[PDB]
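Asks: Got a structure here, written out as structure tokens. Questions coming.
Number of protein chains: 10
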Amino acid sequence: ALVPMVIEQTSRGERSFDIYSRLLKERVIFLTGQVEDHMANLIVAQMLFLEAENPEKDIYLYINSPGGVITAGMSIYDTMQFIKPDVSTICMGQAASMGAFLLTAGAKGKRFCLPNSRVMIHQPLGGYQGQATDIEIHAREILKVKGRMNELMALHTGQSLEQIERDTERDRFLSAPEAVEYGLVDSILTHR
Amino acid sequence: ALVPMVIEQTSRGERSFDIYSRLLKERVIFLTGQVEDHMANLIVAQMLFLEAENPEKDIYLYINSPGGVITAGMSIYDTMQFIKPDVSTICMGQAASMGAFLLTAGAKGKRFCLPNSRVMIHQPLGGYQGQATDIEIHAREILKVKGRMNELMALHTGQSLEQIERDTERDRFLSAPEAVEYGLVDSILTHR
Amino acid sequence: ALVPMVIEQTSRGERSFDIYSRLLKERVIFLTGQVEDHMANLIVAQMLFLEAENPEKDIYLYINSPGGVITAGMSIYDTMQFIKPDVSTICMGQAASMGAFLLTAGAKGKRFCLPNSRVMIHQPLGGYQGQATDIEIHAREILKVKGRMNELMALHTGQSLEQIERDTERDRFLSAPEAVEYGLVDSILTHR
Amino acid sequence: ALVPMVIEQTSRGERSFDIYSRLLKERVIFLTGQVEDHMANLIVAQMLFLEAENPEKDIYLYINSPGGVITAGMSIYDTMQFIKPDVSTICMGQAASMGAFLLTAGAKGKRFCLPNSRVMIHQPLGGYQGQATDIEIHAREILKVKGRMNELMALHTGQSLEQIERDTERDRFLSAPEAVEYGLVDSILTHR
Amino acid sequence: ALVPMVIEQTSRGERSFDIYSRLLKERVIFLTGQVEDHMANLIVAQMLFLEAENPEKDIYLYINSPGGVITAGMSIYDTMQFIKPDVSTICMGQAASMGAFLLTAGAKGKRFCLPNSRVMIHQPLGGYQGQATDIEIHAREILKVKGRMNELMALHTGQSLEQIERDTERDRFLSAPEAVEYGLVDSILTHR
Amino acid sequence: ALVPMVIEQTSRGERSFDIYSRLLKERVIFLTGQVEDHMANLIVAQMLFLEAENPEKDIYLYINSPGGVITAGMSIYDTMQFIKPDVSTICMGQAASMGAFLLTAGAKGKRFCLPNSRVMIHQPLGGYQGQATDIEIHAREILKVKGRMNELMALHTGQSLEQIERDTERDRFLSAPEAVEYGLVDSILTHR
Amino acid sequence: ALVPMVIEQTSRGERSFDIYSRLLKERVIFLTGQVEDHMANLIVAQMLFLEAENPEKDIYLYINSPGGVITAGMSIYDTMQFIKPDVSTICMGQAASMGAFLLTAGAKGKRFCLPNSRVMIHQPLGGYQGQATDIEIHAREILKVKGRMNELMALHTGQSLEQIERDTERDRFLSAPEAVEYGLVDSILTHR
Amino acid sequence: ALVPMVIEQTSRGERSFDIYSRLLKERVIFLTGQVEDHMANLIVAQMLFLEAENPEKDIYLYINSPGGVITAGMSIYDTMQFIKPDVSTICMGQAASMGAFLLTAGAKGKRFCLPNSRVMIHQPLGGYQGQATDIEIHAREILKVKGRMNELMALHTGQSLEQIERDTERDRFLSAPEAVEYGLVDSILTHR
Amino acid sequence: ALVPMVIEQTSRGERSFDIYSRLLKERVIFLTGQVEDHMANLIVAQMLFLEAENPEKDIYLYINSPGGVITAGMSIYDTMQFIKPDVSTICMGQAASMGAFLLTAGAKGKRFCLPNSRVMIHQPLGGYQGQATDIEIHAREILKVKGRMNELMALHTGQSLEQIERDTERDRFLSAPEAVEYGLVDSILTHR
Amino acid sequence: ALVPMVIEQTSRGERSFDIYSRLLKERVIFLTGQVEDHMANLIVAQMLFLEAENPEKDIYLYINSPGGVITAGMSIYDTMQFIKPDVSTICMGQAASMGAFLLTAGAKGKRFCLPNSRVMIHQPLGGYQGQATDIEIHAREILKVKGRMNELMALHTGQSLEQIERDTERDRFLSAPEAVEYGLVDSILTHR
């Protein structure tokens with residue numbers, strides 16, 4: 015049992031699924047670990063599946079991750095915007111870097127976060143080796159990406175673009191109440 | 015047979031279950047080994063799944079583990095606070111550091127530890143490399159975390175805050191009877 | 015549970031399958047990671063299968079990849095052109111190098127990319143060690159490949175051949191709107 | 015076929031079991047290899063299960079192991095003392111170190127061993143690196159553990175405490191007949 | 015199929031088995047490869063299982079092994095002597111060191127070996143690092159084991175003890191006909 | 015001959031020196047490569063040696079280095095300020111980081127750099143691992159060092175302190191004419 | 015020339031020495047880098063030599079070091095106290111840990127440090143692996159050393175012993191003016 | 015005898031030094047291997063020495079090298095331009111990259127290469143890892159260097175600046191007669 | 015100069031020695047670091063030389079070492095006893111294990127240690143791998159050595175053999191005053 | 015004594031050289047091992063020296079080498095052709111690849127090889143990794159070198175160019191008599 019089994023009664027009954035498949039059936043998706051290319055692809059397959067199961071119901075995305083590859087993260091971002099039903103994002107543990115970015119991309123009014131969680135934002139990282147000509151080609155591309163990420167932050171948070179520009183210079187840490195004040199989440203969940 | 019199978023009679027079976035799934039069905043969750051990021055999500059999934067079947071029934075969380083990532087077993091803390099049932103955290107083997115942090119978080123009156131167990135508590139660890147400017151930023155965040163963990167210990171144990179700060183500067187080991195006097199647990203189980 | 019299970023009902027029920035088999039059933043194929051031989055072979059097996067299932071219906075190919083081996087990539091390219099149904103290619107995340115090449119190889123009018131994606135193109139890479147005589151042989155072969163790849167780009171994109179040659183000398187990056195104008199894709203998908 | 019299958023008939027019949035589950039059914043538990051944390055956790059789960067299936071019958075524990083971690087070994091010990099049915103420990107191969115302390119912890123009168131087996135006992139090991147202040151803290155804790163283990167040995171074997179301390183100064187090896195005379199076991203099994 | 019499946023014919027039907035479970039049912043156990051604790055732990059479980067199935071029928075042990083750990087080998091030895099039905103040992107390939115020891119331990123009159131097999135016997139190996147005092151303790155224990163193994167060889171083979179002690183000082187190799195004259199086995203199988 | 019010998023006549027005409035000893039004699043000291051303790055320890059010995067031979071004459075220090083350990087570099091800085099004769103610093107190749115700092119420390123009016131050289135200046139780097147308490151102690155010390163280095167820059171260059179703080183947050187590169195305008199050096203050498 | 019030669023005149027003028035023997039002649043000894051046995055063994059030989067050359071004159075010891083082995087360092091300490099002439103210790107760069115200890119041990123009134131230097135002090139470090147008995151022996155010895163080192167600090171600095179104990183619990187950094195006030199050094203040198 | 019000794023007679027005839035010092039005496043300096051800081055530092059010392067010996071005579075620099083670090087190479091360049099005597103460069107073997115640059119920097123009318131030599135010229139290489147902000151800073155600096163190197167090539171060769179920029183886009187190889195026609199050297203030496 | 019040169023005046027005064035050669039002339043031998051064969055072999059050569067120089071004068075041996083190989087050390091032990099002049103041993107830093115043995119082997123009345131030194135003694139270590147027969151041979155030899163070392167300690171220190179036997183079971187540490195009382199040294203040197 | 019010293023009489027007789035310097039005086043140069051930049055650089059310095067001492071006398075070059083770097087080897091070739099006195103080459107052991115090339119380059123009528131030697135010739139080796147465009151550039155350069163080396167072989171051996179090209183496609187081995195007929199050498203030395 016790395017992952018335990020659960021049993022559920024329906025019609026015929028029995029029907030024993032996994033501890034994670036049982037939750038996918040409850041329109042629950044978890045995002046954890048680093049955001050890469052093989053894992054992000056699965057998150058997308060799950061969202062497309064749920065969208066085709068019932069276009070009118072929300073999908074809940076639980077976020078707990080330190081960061082990741084911008085490209086992989088953007089495929090998640092765009093699916094989350096394309097599909098018809100709202101995706102409600104919940105931040106538990108941490109949402110840092112690219113994780114924070116995806117957290118704020120949830121449906122407006124449905125961005126929650128648990129009270130002892132942490133959110134951290136910063137500038138995009140990268141690098142390169144090669145001829146001076148190739149160095150200038152790659153340097154311009156990273157700068158364009160940085161600019162694009164800042165615009166999406168301003169769009170989703172309500173902050174001006176310049177305010178976003180200043181707040182991403184160095185690593186910036188926000189407590190759950192600051193995420194609410196700043197505009198990354200709408201509210202803090204407390205008790206059932 | 016890394017993990018053995020068991021059988022039980024219900025209605026028209028038979029029906030075999032994992033040596034661990036059989037116990038999840040008994041609302042018993044084990045938390046063993048070092049607290050990571052993948053294991054923590056699995057514990058959370060089990061608690062929610064146990065709060066979906068029957069919300070008016072206690073959930074037992076046996077705990078034997080030497081500690082782990084602070085910000086990833088500080089998301090098993092917030093799921094226990096929030097759910098409807100009572101999580102009565104029994105002790106065995108050891109509960110050190112973050113493990114000793116979760117043990118005291120159980121339902122008041124229901125924190126138990128076996129007589130030959132050990133509980134150890136201490137100040138959180140961390141580190142960083144970079145420009146003097148970045149060092150300052152990261153140093154501030156770890157200090158904020160230290161302060162918050164002390165407040166939660168004082169809250170759950172009944173100790174004054176200053177007493178908690180003094181007692182965690184360097185590792186402190188407590189025997190099962192001292193855990194009871196200190197207030198980390200309510201009682202010691204002996205024999206059935 | 016790296017990959018979750020899903021349930022569907024038809025006649026008598028049951029017949030549970032994985033999250034990727036469920037989407038293959040909807041004639042959806044995903045292409046991620048590096049393009050190599052063992053993976054390319056699977057993409058081809060899936061396309062041959064779907065053709066046999068229903069020669070008149072479109073096959074959807076999701077493309078999110080950094081590049082890869084040209085030979086492996088060409089087996090995918092030729093299969094797409096050979097089989098009867100149209101293949102509609104959709105870019106999310108990135109389509110770089112060989113990935114970009116396969117993206118433009120989809121059915122005309124059906125090449126779509128999500129709005130925050132990136133496409134990057136460049137001349138082929140290679141190398142060799144050996145006697146001066148062998149070096150000459152291998153250098154000639156890579157140059158022939160470069161020439162052929164450029165002809166196919168001009169054919170599929172509508173650019174002149176000379177324009178294609180100039181544009182692949184150094185890594186060239188295109189944003190989603192640039193890919194549309196250039197002629198690599200027909201359009202940008204927005205919302206369902 | 016690392017582990018073979020066996021079958022049995024009851025009512026409906028079949029019942030195809032992995033040979034180790036077939037023996038768990040016969041209230042037989044094996045303890046082999048190093049006494050770590052994951053393995054001990056599994057043994058405890060098996061004992062709780064058997065004590066919940068029939069509180070009035072003995073549970074045999076077959077021991078063949080070189081030693082291990084004290085903390086993990088202690089949760090096994092406490093569970094054996096807590097649960098209602100007698101636990102009878104048999105030791106074939108070797109019972110060394112922590113593997114010998116648990117061998118004597120079985121129900122009095124039911125501590126049989128093998129004829130060619132070996133039992134070895136010794137003082138606990140440990141270590142530490144750090145500031146002189148931290149060294150003191152850790153040195154004190156290991157000494158407390160040594161003292162506690164000596165008390166339990168004297169309690170279960172009938173030896174005086176002073177005799178136990180002298181005998182664990184350096185590794186002591188006992189043959190099966192000596193284990194009987196010393197009081198580690200009650201008797202030697204020979205032929206059925 | 016690393017290990018192939020086979021089908022039998024009983025009162026019901028189907029009954030599919032592994033290329034090894036099928037033979038366990040015929041009271042055939044194989045001992046191959048190096049003797050160590052996990053493997054030596056599984057063989058004992060199989061022998062206990064077969065005695066219970068039918069106490070009045072022989073168990074066949076097929077031996078092909080280079081040697082191994084004495085402790086692990088002794089738990090097998092004691093089980094063979096304890097259980098009621100005869101255990102008949104057959105040597106194919108090689109029986110060296112501890113393998114040869116177990117070979118001769120079978121039921122008298124039922125020790126066979128194939129025509130081109132090889133048997134090799136020798137005194138035990140070991141070693142130690144530490145203080146002169148610890149060295150003495152461990153040296154004494156290995157010598158006690160050597161003495162015990164020689165007594166058992168003489169007991170099972172009929173050779174005098176002095177003869178066994180002289181013969182095992184250096185590796186001794188015996189061909190199948192010599193194993194018979196020496197007394198390690200009773201006979202050689204040839205053709206059915 | 016990694017280093018060639020040179021011949022010079024004085025009185026009797028027999029003198030043969032290592033070319034570097036020949037130049038030490040002409041009050042020329044070279045500083046190249048990383049600044050560390052053993053290397054720095056030798057430069058200080060050379061300056062003290064020259065100060066003793068003739069307290070009234072200048073010492074020429076040739077600088078070509080990427081940076082180094084601040085502590086080691088500070089022992090060069092203090093010796094230069096302490097000893098009686100002027101030390102004139104000349105930058106060839108590069109003077110980065112700590113190298114730049116030592117360059118500006120030369121006697122006022124005598125700081126000179128060659129036409130194609132480069133000078134770089136940035137805030138100090140560092141790091142630590144450990145308990146939150148120790149992290150705080152170490153973070154405070156690096157910040158104090160940074161502040162002291164900035165005061166010394168402002169002192170030697172004539173820039174305001176706030177201007178120095180702004181200019182060192184991120185790596186700042188200056189060409190030889192830029193070093194003159196900024197005040198790091200007084201002038202550029204051209205031709206003898 | 016890793017180390018340059020210098021020329022000095024006496025009678026004939028036939029003197030060419032290394033960049034260190036020339037200074038040994040001026041009763042100057044340098045201590046740099048880690049303190050360990052071979053390095054320390056050389057410093058002691060140099061002091062004995064100089065003591066014999068002229069028992070009435072001071073020896074200058076330049077210190078620049080991160081710390082080191084206590085035992086090795088104590089052989090320098092005792093020699094400095096045994097030999098007749100005063101040893102004047104000068105701190106440049108840094109004097110950390112054992113380096114600080116040796117710095118304060120110089121002749122009273124002659125302990126000086128340059129203006130931008132740093133001095134750091136802390137309790138001794140160490141460690142051990144072994145049986146609980148050995149751990150106790152080794153723990154006691156390190157604590158005795160801690161005690162003795164503190165007494166010597168109090169003796170040489172004028173601080174009370176209790177003040178010294180409090181100040182060495184955790185790394186304590188002192189700037190040159192703090193070292194003068196505290197009493198580790200007598201004064202700060204400025205300019206010749 | 016890695017480097018042999020040679021004998022010459024002057025006055026008393028007692029002259030025996032390493033062959034490389036014998037050639038330094040004849041104002042011949044060799045440059046081989048990668049250009050880097052320590053080796054460059056030594057060449058500069060040799061040129062300064064020879065200038066002092068006789069400011070009116072030519073210095074011959076033998077170049078045979080694959081390239082190297084630009085910063086180090088520039089200190090060689092600036093010294094050659096600064097000192098009084100003409101420096102005549104001779105290329106044998108190869109002068110690639112930075113080696114080619116220094117070759118053309120010799121005195122006009124005195125740049126000569128041997129008949130089977132090769133000269134290579136290309137734009138500078140480099141790279142960086144870090145935040146998008148830091149990447150920009152580093153990318154600008156490498157581009158500034160590229161610009162400066164092109165200006166100096168055009169100055170010394172007589173080519174227009176635009177022609178130099180085109181010719182260094184990718185490695186350009188020149189045979190000895192081509193170097194003469196292009197203007198990198200003035201002539202080819204043939205026979206004494 | 016890793017090791018500096020010193021100058022002495024005699025007749026002509028044309029004498030330059032490496033500082034260790036200079037001290038050998040003062041009949042001073044240093045013994046530092048681990049005691050092995052190549053180093054021990056040099057200590058012996060030096061003593062034989064000095065014995066020949068003047069059979070009627072003392073030789074001083076400075077000891078600072080963390081033990082070493084007994085066999086190598088015994089060649090120093092026997093040489094010291096064979097040669098005519100007394101050898102006076104002085105302990106600084108530490109004399110551990112074999113180092114302590116050699117320390118007490120000096121001439122009676124002339125064994126002296128500095129006040130902050132440490133002396134540590136323990137039974138010999140060793141080990142072996144092989145056949146039980148070889149293990150016995152090697153175990154006997156180490157025990158004979160232990161016995162012989164115990165006799166020599168008693169002879170040189172004046173302690174009874176039984177007292178020595180008890181005191182070396184576990185590492186025993188002695189402070190300088192304890193070494194004097196115990197009888198390892200005759201006195202403590204303080205000041206010249 | 016890796017290289018023995020020899021003594022020779024002249025006038026006063028105070029002459030002691032390394033055996034290799036002794037032979038340099040006899041105008042003998044040895045070329046052994048791989049041809050690389052540093053070794054080639056030394057041979058050139060020796061030939062220039064000998065040319066200066068006496069322009070009218072032959073220089074003898076002993077060749078024993080497996081091959082090496084062409085660029086480095088060509089610098090030897092060009093010096094041999096440039097300097098005034100004839101260079102006579104002698105092959106002993108082997109002259110392979112670049113070694114064979116230099117062997118034939120000696121003065122006509124003076125190329126001699128020993129009877130059991132071997133001479134081996136082949137086309138040049140090389141390689142590259144990079145963009146298809148860079149591969150083309152490097153492939154062209156290696157082919158130009160191949161063409162040039164064949165022309166020089168034809169010039170020195172007297173073979174037609176086509177014959178040289180055919181013979182070097184694959185390694186061709188020649189015995190000393192075969193080298194003579196082919197024209198690589200003029201004759202075979204036998205006895206003094």
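If you're matching them up, the sequences are chains A, B, C, D, E, F, G, H, I and J in order.
Mapping of the first sequence onto UniProt numbering: residues 15 to 206, in sequence order.
Mapping of the second sequence onto UniProt numbering: residues 15 to 206, in sequence order.
Mapping of the third sequence onto UniProt numbering: residues 15 to 206, in sequence order.
Mapping of the fourth sequence onto UniProt numbering: residues 15 to 206, in sequence order.
Mapping of the fifth sequence onto UniProt numbering: residues 15 to 206, in sequence order.
Mapping of the sixth sequence onto UniProt numbering: residues 15 to 206, in sequence order.
Mapping of the seventh sequence onto UniProt numbering: residues 15 to 206, in sequence order.
Mapping of the eighth sequence onto UniProt numbering: residues 15 to 206, in sequence order.
Mapping of the ninth sequence onto UniProt numbering: residues 15 to 206, in sequence order.
Mapping of the tenth sequence onto UniProt numbering: residues 15 to 206, in sequence order.
Each residue gets a CB set at the ideal place from its N, CA and C atoms; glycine is no exception.
#1: Going by C-alpha to C-alpha distance, which of G:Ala109, G:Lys124 and G:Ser89 sits closest to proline 99 of chain G?
#2: For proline 129 of chain J, which three-state DSSP category applies?
#3: Quick one: is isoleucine 21 of chain E buried, meaning 16 or more other Cβ sit within 10 Å of its Cβ, or exposed?
#4: Within 10 angstroms of the Cβ of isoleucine 156 of chain E, are there 16 or more other Cβ atoms? Answer buried if so, exposed if not.
#5: Could you say which of E:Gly113, E:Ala146 and E:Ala119 lies nearest to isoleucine 135 of chain E if we only look at CA atoms?
#6: Could you give the first and the last residue of the continuous alpha helix (DSSP H) run that contains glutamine 173 of chain F?
#7: According to DSSP, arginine 29 of chain I sits in a beta bridge with which residue or residues?
#8: In chain H, which residues lie with their C-beta within 7 Å of the C-beta of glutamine 145 of chain A?
#9: Compare the Cα-Cα distances from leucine 116 of chain G to each of G:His152, G:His170, G:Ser30 and G:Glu70 and report the closest residue.
#10: Below 9 Å on C-beta distance, what does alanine 110 of chain A contact in chain H?
#11: Thinking C-alpha only, which one of F:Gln145, F:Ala86 and F:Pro138 is nearest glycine 141 of chain B?
#12: Helix, strand or coil: how does DSSP classify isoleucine 156 of chain I here?
#13: Unbroken alpha helix (DSSP H) runs of length 4 or more, entirely within the stretch 63-130 of chain C: which are they?
#14: For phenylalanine 63 of chain G, go through chain I and note every residue whose CB falls closer than 8 Å to its CB, in chain order.
Replies: So, to answer that:
#1: To locate residue 99 of chain G, count along the seventh sequence from 1; it is residue 85. If we check each option's Cα against that of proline 99 of chain G, G:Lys124 comes out closest.
#2: Indexing the tenth sequence from 1 puts residue 129 of chain J at position 115. Coil, per DSSP.
#3: The residue labelled residue 21 of chain E in the question sits at position 7 within the fifth sequence. Burial call: exposed.
#4: For the purposes of this step, residue 156 of chain E is taken as residue 142 along the fifth sequence, with counting starting at 1. So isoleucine 156 of chain E ends up on the buried side.
#5: Counting from one through the fifth sequence, the residue named residue 135 of chain E turns up at place 121. That would be E:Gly113, whose Cα lies nearest to the Cα of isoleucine 135 of chain E.
#6: For the purposes of this step, residue 173 of chain F is identified with residue 159 of the sixth sequence, where counting begins at 1. It is not in any alpha helix (DSSP H) - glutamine 173 of chain F carries neither H nor E in the DSSP assignment.
#7: The residue you call residue 29 of chain I lines up with position 15 of the ninth sequence. Looking at the DSSP assignment, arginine 29 of chain I forms a beta bridge with I:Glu22.
#8: Looking up residue 145 of chain A in the first sequence gives position 131. Chain H residues near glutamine 145 of chain A: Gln137 and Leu139.
#9: Position 102 of the seventh sequence, counted from the first residue, corresponds to residue 116 of chain G. When each option's Cα is compared against that of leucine 116 of chain G, the closest is G:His170.
#10: Counting from one through the first sequence, the residue named residue 110 of chain A turns up at place 96. Those within 9 Å of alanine 110 of chain A in chain H number zero; the least Cβ separation is about 15 Å.
#11: Taking the first residue of the second sequence as 1, we reach residue 141 of chain B at position 127. Checking every option, the nearest Cα to that of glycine 141 of chain B belongs to F:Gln145.
#12: In the ninth sequence, counting from the first residue as 1, residue 156 of chain I sits at position 142. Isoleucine 156 of chain I: helix per DSSP, three-state reduction.
#13: 84-96 and 112-117
#14: On the seventh sequence, residue 63 of chain G is found 49 positions in, with the first residue counted as 1. By Cβ distance, chain I contributes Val20, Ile33, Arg36 and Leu37.
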